[PDB]
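Enquirer: here's my sequence, what's the structure:
(chains A, B, C, D, E, F, G and H, ligands or ions: 5)
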Amino acid sequence: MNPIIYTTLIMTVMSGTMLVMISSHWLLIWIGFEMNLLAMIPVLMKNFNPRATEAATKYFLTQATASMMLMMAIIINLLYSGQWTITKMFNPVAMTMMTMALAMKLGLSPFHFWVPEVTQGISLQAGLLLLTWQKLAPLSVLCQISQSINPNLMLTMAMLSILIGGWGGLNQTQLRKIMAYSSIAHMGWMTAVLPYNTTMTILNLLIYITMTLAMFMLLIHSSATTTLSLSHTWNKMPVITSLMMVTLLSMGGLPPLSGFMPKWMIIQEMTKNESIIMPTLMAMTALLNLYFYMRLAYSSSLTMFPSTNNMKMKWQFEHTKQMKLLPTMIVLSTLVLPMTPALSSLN
Amino acid sequence: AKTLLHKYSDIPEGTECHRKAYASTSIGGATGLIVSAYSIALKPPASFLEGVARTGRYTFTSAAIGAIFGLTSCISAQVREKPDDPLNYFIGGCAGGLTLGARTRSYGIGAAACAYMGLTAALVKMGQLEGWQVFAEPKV
Amino acid sequence: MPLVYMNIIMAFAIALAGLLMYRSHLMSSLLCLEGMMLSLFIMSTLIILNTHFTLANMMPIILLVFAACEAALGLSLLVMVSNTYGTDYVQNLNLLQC
Amino acid sequence: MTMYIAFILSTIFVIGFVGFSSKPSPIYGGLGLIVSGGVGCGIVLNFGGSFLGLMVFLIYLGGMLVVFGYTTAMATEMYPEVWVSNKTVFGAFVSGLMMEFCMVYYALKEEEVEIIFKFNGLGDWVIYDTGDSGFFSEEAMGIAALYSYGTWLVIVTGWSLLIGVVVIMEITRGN
Amino acid sequence: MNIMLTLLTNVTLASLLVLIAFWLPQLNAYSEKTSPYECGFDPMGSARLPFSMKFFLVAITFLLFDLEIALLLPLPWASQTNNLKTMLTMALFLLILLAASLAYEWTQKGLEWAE
Amino acid sequence: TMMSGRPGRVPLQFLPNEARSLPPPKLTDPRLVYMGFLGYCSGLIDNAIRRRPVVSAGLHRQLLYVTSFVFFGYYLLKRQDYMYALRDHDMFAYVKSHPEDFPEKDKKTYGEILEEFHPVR
Amino acid sequence: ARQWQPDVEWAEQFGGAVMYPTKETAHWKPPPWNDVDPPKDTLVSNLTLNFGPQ
Amino acid sequence: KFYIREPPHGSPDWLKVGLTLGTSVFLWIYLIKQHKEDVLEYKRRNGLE
Ligand SMILES: CCCCCCCCCCCCCCCCCC(=O)OC[C@H](COP(=O)([O-])OCC(O)COP(=O)([O-])OC[C@@H](COC(=O)CCCCCCCCCCCCCCCCC)OC(=O)CCCCCCCCCCCCCCCCC)OC(=O)CCCCCCCCCCCCCCCCC
Ligand SMILES: CCCCCCCCCCCCCCCCCC(=O)OC[C@H](COP(=O)([O-])OCC(O)COP(=O)([O-])OC[C@@H](COC(=O)CCCCCCCCCCCCCCCCC)OC(=O)CCCCCCCCCCCCCCCCC)OC(=O)CCCCCCCCCCCCCCCCC
Ligand SMILES: CCCCCCCCCCCCCCCCCC(=O)OC[C@H](COP(=O)([O-])OCC(O)COP(=O)([O-])OC[C@@H](COC(=O)CCCCCCCCCCCCCCCCC)OC(=O)CCCCCCCCCCCCCCCCC)OC(=O)CCCCCCCCCCCCCCCCC
Ligand SMILES: CCCCCCCCCCCCCCCCC[C@@H](O)O[C@H](CO[C@H](O)CCCCCCCCCCCCCCC)COP(=O)(O)OCC[N+](C)(C)C
Ligand SMILES: CCCCCCCCCCCCCCCCC[C@@H](O)O[C@H](CO[C@H](O)CCCCCCCCCCCCCCC)COP(=O)(O)OCC[N+](C)(C)C
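Expert: Numbering: from 1, shown residues only, chains lettered A, B, ... in the order given. Ligands and ions are numbered 1, 2, ... in the order given. Structure as follows:
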C-alpha cells in the first residue's frame, strides 16, 4: 500500500471515531460508525493473504449487521419520539436493539465469536488498532445513554464476556487469540460498571489501552506470533522478555501493579450499591485470565526454552526501527497505582 | 420469560407440592430448550432426527432435574414444618444433582452435582430470605 | 401505530433473519443487507413524511449513499473471496478455525 | 378499509422480502428485491414522497444491474435454485408467507400486541394532516436544504464517497 | 389512479399478445427443435458456468457514482435558496470530489479492463 | 454520569477560572516527585530497550523524560484538587439546602445507652 | 547440580494447534509460519464457444 | 572499531542535544513562572497577601 493512502485511511478511521464522539445527532453518529468501518476494512487487508481476506469479510459482515440494528433502533426511537438527539432513548424496544447492536460492535458475549478470528487473521499492527482504537466509539455511545441502559441485559452480557474470555483464553497457543480473549474479558469488566459509574468505565478503558499497547508493541519488537516463537526471545532480547513478564503480571491484576487499579475501583463502585455477588464472581473469574497470563510468562521469561543455531547470526544485528512510547507505555502499565486518586480528573 | 418464575414463586413455600413441581419442571424445560437451541446452532447434528433427539434429551434431562428439585424441596419444607430454611433447598438441589448423575450414568457427576446444586440452591434461598440482589439497581 | 408500519417492520425483521441464516452463496447475504437498507429507507421516509419534519427529508438520501458504500465494500470482498477460492461459498471461509 | 391500496402495496413489499430472504439464487433474489423496490416507491408515493420513491427505485435498479453482472460472474452454479426447486428454500418461503398472513390476521381481527405495541389498522388514511398550505412541495424544499443547511452532511458524504473509491481500489488490488 | 390504469392496460395488452402468439399457431415441438442453439453443433459446457467479468472494478465504481446522482438531482430546487454563495460552494465541492475520484481511478489504471 | 452535566461548565476547559482560587500544589509535592520518578524509570527503560548503558547513556533525553512527566503531573494534580474541591462544595451545599434529610440527632452518653454484653468464654 | 530447564519434549506441548488436544481437534494443523496459506490451484474453466459454421 | 561508522555519530548530535536541552530548560522555566503566578493569584483571591 502507498504510504499516503495508508495515512489517509488511518486518518479516516480516526475521523470517524471523532465524529462519533463529537456529534449530538443520531444520524451523524451512524455516519461516523459507517465511515470508520469503510476506512477500517482495507487496513486489515494491508498485507494480502487468504487469512486477511477472511478476517476482513467476517469483520465487515459483523459490523454491517450491527449498523443495521443501530439504524433500526434510531428509527424506532424517532417514531416513538420525534427526537434526533442522543439521549435517554425514550423507547425500551429501541433501547434493547441499540444495546445489542453496540455490544456486537464491541464483541461482548454472546457476540464475541468474531473477535478471536479477526485478530488472528490480521497482522500485529492491525490487531493493535482493532483491539485498542475500535473500542472507543461504541463505548462512548454506551456511556452517553447509560441512564436508560437496562442493568439486567448489560450485566448479563458483561458477566458472559468475562466468563467466556477467561475460558477461551485457556485453550490458546497463538498470541493473537490470547489477546483477543483477554480483550473480551476486559470489555466485560468495562461494561459491568457502566450502569453505575461511567468514570470507572473510562478509567478501565485507559488502563486497558495502555497495557494492550505495551503488549502489542513488545510482540512487534520481538517478532513473535506463537508461544514457541516467543520462547526464543530470551536468547536475543532478555530485557524485552522481562518487561513482557512484568506487563503480563500487570494484565493479570495482581497488586501493586497498574492493572489492579481498574478492578479495585469497579468493585468499590459496585459495592457502593448493593451488588455484592457479582464483583465476587468477576474476581474469581479474572483468576482464569491470570492463569493463562502466567502460562505465557512461564514459557517466555521465567524459564529458558531450547533455541536454534541460527540465532547466533541474529545476535549481530540491532532492531532497526524503534517504536516510540514503548518505554512510556510500559511505565504507565506497571508503576501507576500510587497515582490512583488522579481518576477524579475524569469526571 | 419470568412469568414462569412468578408462577413458581406465587405458590407458598410449603403448600401444593404438585403445582410447585409443575412450575419447577416448566422452568427446567425452558432452560433445557434454550441450551438445545444454542447447541444445535453452534454444533450441527448432521441430520434432522439426530438434532431433535439431542433437543429432546437435553430438555428431558433439564425438566426431570427441575421437577425432582421442586418436588423434593416442597415435600421437605412441609413434612419438617420448617419453611424459610435453606436446608429444604439444599435437599432439593442434591436430589436434582442425583437425577443429573443418573441421566448421565456416572457416580462422579452425580456426587459433584449433588454438592454444587445443593450449595447453589441453599445460597438462592439465603438470598431470598436476606434480600441479596444478583443485579442491583443503580442507587448511587 | 398504523398497519403499514407493521408491514415495514416485518420486512426489516425478515431481511435480518435472512441475513442471519446463511445458505451457501455470499451474494444472497449481501442481497439481504441491501433489503435491510431498503426497509430502513421506507420506514424513515414514512415517519418523516407523516409528521411534517422538513429538514429530515435529506437523511434518507444520506442513508442510501452509505448503503451504496456498504454494497461496494461487500462486492469488493466477494470479488477477492471468489478469486481465492473460485466460488463465493461461505464454507470456504474457515481458515481462522485453527 | 378504503380500496386497501396501501395495505396491498405493503403486503407485496413483505412478499418480495420473503422472496429474496429465502436465498433461492441471486438472479431471483435480485428480481424479488427489484419488485420490493418498486412497491416501496409506490408506498412512499402514496404519502407524498414522490422524489424519494422515484430516486430509491432508480438507485436500486442500478444496484441490481450490478448484482446481476456479479451473479453471472461469481455466484452461479450448474442448476440455479428457484423457490420450488429445493426443500429448504420452499420451506423458508412458505414459512415467511404464513407468518405474514398470521400477523395480518391477528392484527386485523384483534388489536393484540405483537412486538412493540398493538396497533389499530382502521386504514392509514386516518392519520393524515388536512394540510392546506404551500405553492411549493415540502419534501423538495427539505431535500434542497441539503446545500443551505446541510453543509456538514455534504462534507462527510463527499469524503466518504471519495474514500470508498480509494477503498475499493485497495481491496481489489490483489497481489 | 390513472397511472395504475395505464400500467394495467399496458401489461394486459402485452400479456394478450403473448397469449395470442402461443395459442394461435400450430405448435410441433420435438426434442431436436428445442435444443440449445450453437451455430451448428452441440455446446460443450453450460450457459450456467461462470462467465468472467473483466470490468468488475468499473461496475463497483458505478454504484458510488450512481449515488452521486442522488446528491445532485435536488440542485434545481437548491438554486432558489436565499444564500446562494454557500449553496454554490457546496455544489461545486460535491462535483470537484466526484471529478477527483474519477481522476484517481483513472491514474491508478482502474478504468482499464483486466487482461 | 454524576459530574458530567453541571451548570456553568465549559466543555473542554480542563481548568476552569474558578480553580485559581485554590492553593497550587507545591513543587516538592510527593506526587510530583513520584511523577519525576516515573519519568526517570521511562528514561532507564528507554536506555535498556535500545541496548545502551542504562544509567549513563542519554542524559539530555532522560532529563527531558523527567521534566515532561513533572510538567504533565503538575496540571494533573491541579485538576484533581479542583474536582475534589467541587465535590466537597456541592455536597456541603446540598446538605445545607436540605436540612430535613440530614437532621442532627440527640447526643447520648455511654452511661445511658444499653449495649448488650457478650462474654468471651 | 544445575537447575532444570525445559527440553524439546517439554517445549513441544506448547507447539500444537491448541492446548489440551482432543478427539475433535486432533487433526487441526498449526497455521503457516508466515500467515500465507498456499494458493489453491483452482482449475480455471474458460467458456468454450462454437463460432460457426452457421 | 566498527566496519561502518554507526550513523549515530561518534560525537553527540549537537542539533538534537541542543533542542532537547532547550525544551527541558523552557519547560522548567515555564513551570516555575506558572507556579509563581498561581501562588500570587491564589493569595490575591483569598485575601491572604
Ligand atoms: C425486529 C427484531 C427481530 C428480528 C428477528 C425476527 C425473525 C422472525 C422472522 C423470520 C421469517 C423467516 C423468513 C426467511 C428466513 C430465512 C431462512 C433461511 O434462509 O434458511 C437458511 C438455512 C440454511 O439451510 P441450507 O444451508 O440451505 O440447507 C442445509 C441444511 O439446512 C443444513 O444441513 P444438515 O441437514 O446437514 O444439518 C442437520 C440439520 C439439523 O436439523 C436440526 O437439528 C433441527 C431440529 C431442531 C428441533 C426443534 C425442537 C423440536 C421440539 C421443540 C418444541 C417447542 C416447545 C414444545 C414443548 C416442549 C417439547 C419437549 O439441519 C440443521 O442443522 C438446521 C438447524 C437450524 C434450525 C433452524 C434455526 C432457527 C433457530 C434455531 C432453532 C433451534 C431448535 C431448538 C429448539 C428451539 C426452541 C423451540 O435453512 C435452515 O436452517 C433450515 C430451516 C429453514 C426453514 C425455516 C426458517 C424460518 C425460521 C425463522 C425464525 C424462526 C421463528 C421466528 C418467529 C418469532 C416470532 C415472531
Ligand atoms: C476436610 C478434611 C478432609 C475431608 C476430605 C476427605 C473426605 C471427603 C472426600 C472423600 C469422600 C467424598 C467422595 C464423593 C463420592 C465419590 C464417588 C465418585 O467419585 O464417583 C466415581 C466412582 C467411580 O466411577 P464409576 O465408573 O462411575 O463407578 C464404577 C464403580 O467403581 C463400580 O462400583 P460398583 O458397581 O461395585 O457398586 C456401585 C454401587 C454399590 O455400592 C458399593 O459398591 C459399596 C457401597 C458404597 C456406598 C454405600 C454405603 C455403604 C456403607 C455405608 C455404611 C454407613 C457408613 C457410616 C455412616 C454412619 C455414621 C455413624 O454404589 C452405590 O450404589 C452407592 C450409592 C450411594 C449410597 C451411599 C449414601 C451415603 C451418604 C452419606 C451418609 C452419612 C454421612 C455422614 C454423616 C455423619 C454424621 C455424624 O464411583 C464410585 O465408585 C463410588 C460410588 C460409591 C459412593 C461412595 C460415597 C460414600 C461416602 C460418603 C460421601 C459423603 C462425603 C461428601 C458429602 C457430600 C456428598 C454427596
Ligand atoms: C517500591 C520502592 C521502589 C521500587 C520501584 C520498582 C523498582 C525500581 C524501578 C523499576 C524501573 C527502573 C529500571 C528499569 C529499567 C532497567 C532495566 C535493566 O535491565 O537494568 C540494567 C542495568 C544494568 O545494566 P548495565 O549497567 O547497563 O550493563 C549490564 C547489561 O545491561 C546487562 O544486560 P542483560 O541483557 O544481560 O540483562 C538480562 C536480564 C535483564 O533483565 C532485567 O534486568 C529485568 C528488568 C526489570 C523489569 C522492569 C519492568 C518495569 C518495572 C516494574 C517493577 C515492579 C515492582 C513491583 C514488585 C514486583 C516485581 C516484579 O534479563 C535476565 O537475565 C532474565 C532474568 C529474569 C528475571 C525475571 C524478573 C524480572 C522483573 C523484575 C522487576 C523488579 C524491579 C527491578 C528494578 C531494577 C531492575 C534493573 O541496571 C541498572 O544499572 C539500573 C538500576 C537503577 C539505577 C539507579 C541508580 C541511580 C543513582 C544511584 C544513587 C541514588 C540517588 C543518589 C542521591 C543520594 C545522595 C548522595
Ligand atoms: C476549527 C479547526 C478545524 C480543524 C478540523 C478540520 C476538518 C474539517 C474541515 C473544515 C471544518 C468544516 C466546518 C464547516 C461547518 C459548516 C457550517 C459553517 O461553516 O457555516 C456554513 C458556511 O458555509 C461554508 O461554505 C462552509 C464550507 C466551506 C469549506 C469547503 C469544504 C472543505 C472542507 C475540507 C474537508 C472536506 C473533505 C475533502 C477536501 C476537499 C454555513 O453558513 P450559512 O450559509 O451562512 O448559514 C446557514 C444557516 N442558515 C440557513 C440559517 C442561513
Ligand atoms: C496509566 C494511565 C493512562 C493515562 C492515559 C494517557 C495519559 C496522558 C493523558 C493526555 C493529556 C491530554 C488530554 C486532555 C488535555 C486537554 C483537553 C481537555 O479539554 O480535556 C478535558 C479534561 O481532560 C480530560 O478529560 C482528562 C484527562 C486526564 C487523564 C489522566 C487521568 C488518568 C486516570 C488515573 C490514573 C493515574 C495516572 C497518573 C499519570 C500517569 C475534557 O473535559 P470534558 O469535555 O468535560 O470531558 C468529556 C468526557 N467526560 C466528561 C466523560 C470525561
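Enquirer: helices of chain D, start to end?
Expert: Per DSSP state H, chain D carries helices over the ranges D:5-21, D:26-45, D:50-74, D:87-108, D:138-144, D:151-172.
Enquirer: out of those, which comes closest to residue A:321?
Expert: The minimum distance between residue A:321 and the helices of chain D falls on helix D:151-172, with 23.4 Å, by Cβ to Cβ. Using the backbone N, CA and C atoms, a C-beta is placed for each residue, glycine as well.
Enquirer: quick one: the closest one to chain centroid distance?
Expert: Taking Cα atoms, centre = their mean, to the nearest Å, the mean C-alpha location of helix D:151-172 is offset from the chain mean by 24 Å.
Enquirer: for residue D:168, what are its contacts?
Expert: C:72, C:73, C:75, C:76, E:57, E:60, E:61, E:64 (Cβ atoms under 8 Å, 6 or more residues apart in numbering or on different chains).
Enquirer: try it again with 10 Å
Expert: Residue D:168 is in contact with A:38, A:41-42, C:69, C:72-73, C:75-77, C:79, E:57, E:60-61, E:63-64, E:105, E:110, counting by Cβ atoms under 10 Å, 6 or more residues apart in numbering or on different chains.
Enquirer: out of those residues, list just those in helices.
Expert: Secondary structure from DSSP H places A:38, A:41-42, C:69, C:72-73, C:75-77, C:79, E:57, E:60-61, E:63-64, E:105 of the contacts of residue D:168 in helices.
Enquirer: among the residues you listed, which are in reach of ligand 5?
Expert: Contacts with ligand 5 within the ones in helices among the contacts of residue D:168, counted by Cβ under 6 Å from any ligand atom: none were found.
Enquirer: return the residues of chain G in contact with ligand 2.
Expert: Counting by Cβ under 6 Å from any ligand atom, no residue of chain G sits close to ligand 2.
Enquirer: do a quick rundown of the helices in chain G.
Expert: Taking DSSP H as the criterion, chain G contains helices spanning G:8-11.
Enquirer: and if you look at chain H?
Expert: Taking DSSP H as the test, the helices found in chain H are H:14-45.
Enquirer: point to the residue nearest the middle of it.
Expert: Centrality entry for chain H: nearest residue to the mean C-alpha point is residue H:24, 1.6 Å, by Cα atoms, centre = their mean.
Enquirer: distance of it relative to ligand 2?
Expert: Applying Cβ to the nearest ligand atom, to the nearest Å, the value for residue H:24 to ligand 2 is 64 Å.
Enquirer: correct me, but that residue touches residue F:64?
Expert: Yes. Counting by Cβ atoms under 10 Å, a contact exists between residue H:24 and residue F:64, whose distance comes to 5.0 Å.
Enquirer: spit out the contact partners of residue 17.
Expert: Since you didn't name a chain, this refers to chain A. Shown here is residue A:17, whose contacts under the criterion Cβ under 10 Å, 6+ apart are A:32, A:33, A:35, A:36, A:40, A:133, A:134, A:135, A:136, A:137, A:138, A:140.
Enquirer: if you could check chain H rather than the one you did, that'd help
Expert: Going by Cβ under 10 Å, 6+ apart, residue H:17 touches F:58, F:59, F:60, F:61.
Enquirer: cool, and residue F:60?
Expert: With contacts defined as Cβ under 10 Å, 6+ apart, residue F:60 is in contact with H:12, H:16, H:17, H:18, H:19, H:20, H:21, H:22, H:23, H:24.
Enquirer: ok, the second one to residue D:6 distance?
Expert: Looking back up the chat, that one is residue H:16. Using Cβ to Cβ, to the nearest Å, we find residue H:16 at a distance of 74 Å from residue D:6.
Enquirer: same drill for those two, tell me which one is more crowded.
Expert: Applying other Cβ atoms under 10 Å in any protein chain shown to residue H:16 and residue D:6 shows that residue D:6 carries more neighbours, namely 20 against 13.
Enquirer: and that one, how far is that from residue D:123?
Expert: The gap separating residue D:6 from residue D:123 is 8 Å, by Cβ to Cβ.
Enquirer: mind checking the SS state of the residue nearest to the spatial centre of chain F?
Expert: Taking Cα atoms, centre = their mean as the criterion, residue F:80 is the residue nearest the geometric centre of chain F, at 4.4 Å. On the three-state scheme (DSSP: H, G, I helix; E, B strand; the rest coil), residue F:80 is labelled helix.
Enquirer: pull out the buried positions in the longest helix out of those in chain B.
Expert: Among the elements of type helix in chain B, defined by DSSP H, the one spanning the most residues is helix B:48-79. By neighbour count with 16 or more other Cβ atoms under 10 Å in any protein chain shown, helix B:48-79 contains the buried residues B:51, B:54-55, B:58-59, B:61-78.
Enquirer: now do stretch D:94-109
Expert: D:96, D:100, D:103, D:104, D:107.
Enquirer: what about residue C:2, how many neighbours?
Expert: By other Cβ under 10 Å, neighbour count at residue C:2 equals 21.
Enquirer: quick check: it touching residue D:43?
Expert: No. Look at residue C:2 against residue D:43 with Cβ under 10 Å: they stay out of range, at 11.5 Å.
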